[PDB]
Amino acid sequence: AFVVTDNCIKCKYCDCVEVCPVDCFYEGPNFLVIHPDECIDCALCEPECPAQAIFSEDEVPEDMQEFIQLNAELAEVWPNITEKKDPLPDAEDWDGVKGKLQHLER
Ligand code: SF4
Ligand code: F3S
């Protein structure tokens with residue numbers, strides 16, 4: 001499974017959803033998650049993310065291990081997003097800011 005991590009929060013560019021062959025992205029107000037069960041590990045999404053927030057499960061940084069389980073949980077409660085939409089307004093101001101998990105909205 002591929003995992004979306006911290007830098008997506010408050011950025012949510014949505015370029016990743018365009019490339020997914022199986023539509024396994026689920027949408028929150030200010031973040032996206034990959035459903036671990038439906039992802040076929042094609043790796044097509046991670047060159048696409050401008051925030052470089054997507055990682056293969058086995059490459060997730062040590063300080064971001066929480067995200068693996070977070071993506072699995074939130075994928076069960078959020079709606080499926082199959083079409084790209086515009087980035088959040090101030091997306092590039094928040095891109096690269098660290099510790100944005102304190103700003104995650106359910
Ligand atoms: S690795 Fe492939 S199947 Fe998994 S979320 Fe990314 S584009 Fe979709
Ligand atoms: S910022 Fe998030 S919405 Fe997709 S394009 Fe990157 S994982």
# chains A, B, ... in the order shown; residues from 1 in each chain; ligands from 1
>>> residues_near_ligand(ligand="ligand 2", cutoff="12 Å", atoms="only C-alpha atoms and all ligand atoms", output="PyMOL selection string")
chain A and resi 2-20+24-34+44-55+71+81-88+91-92+94-96
>>> residues_around(residues="residue 36 of chain A", least_positions_apart="3", cutoff="7 Å", atoms="only C-alpha atoms", output="PyMOL selection string")
chain A and resi 1+39+72
>>> write_last_selection(atoms="N, CA, C and O atoms", output="tab-separated table (two decimals), in the first residue's frame")
chain	number	residue	atom	x	y	z
A	1	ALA	N	0.86	-1.18	0.00
A	1	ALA	CA	0.00	0.00	0.00
A	1	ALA	C	0.89	1.22	0.00
A	1	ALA	O	2.03	1.19	0.49
A	39	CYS	N	-5.41	-0.58	-2.79
A	39	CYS	CA	-4.28	-0.08	-3.53
A	39	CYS	C	-3.53	-1.26	-4.12
A	39	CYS	O	-3.27	-2.21	-3.41
A	72	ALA	N	-5.43	3.90	7.02
A	72	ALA	CA	-6.35	2.78	7.09
A	72	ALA	C	-7.66	3.11	7.80
A	72	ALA	O	-8.75	2.79	7.30
>>> select_by_dssp(residues="chain A", states="strand (DSSP E)", output="list in words")
residues 2, 3, 4, 25, 26, 27, 32, 33, 34, 54, 55 and 56 of chain A
>>> atom_distance(atom1="atom 6 (Fe, counted along the ligand's line) of ligand 1", atom2="atom CA of residue 41 of chain A")
6.2 Å
>>> closest_residue(among="A:70, A:75, A:22, A:65", to="ligand 1", atoms="only C-alpha atoms and all ligand atoms")
A:22
>>> select_by_dssp(residues="chain A", states="alpha helix (DSSP H)", output="list in words")
residues 16, 17, 18, 19, 66, 67, 68, 69, 70, 71, 72, 73, 74, 75, 91, 92, 93 and 94 of chain A
>>> closest_residue(among="A:80, A:64, A:69, A:97", to="ligand 1", atoms="only C-alpha atoms and all ligand atoms")
A:80
>>> atom_distance(atom1="atom CA of residue 93 of chain A", atom2="atom CA of residue 79 of chain A")
26.2 Å
>>> atom_distance(atom1="atom 1 (S, counted along the ligand's line) of ligand 1", atom2="atom CA of residue 58 of chain A")
12.5 Å
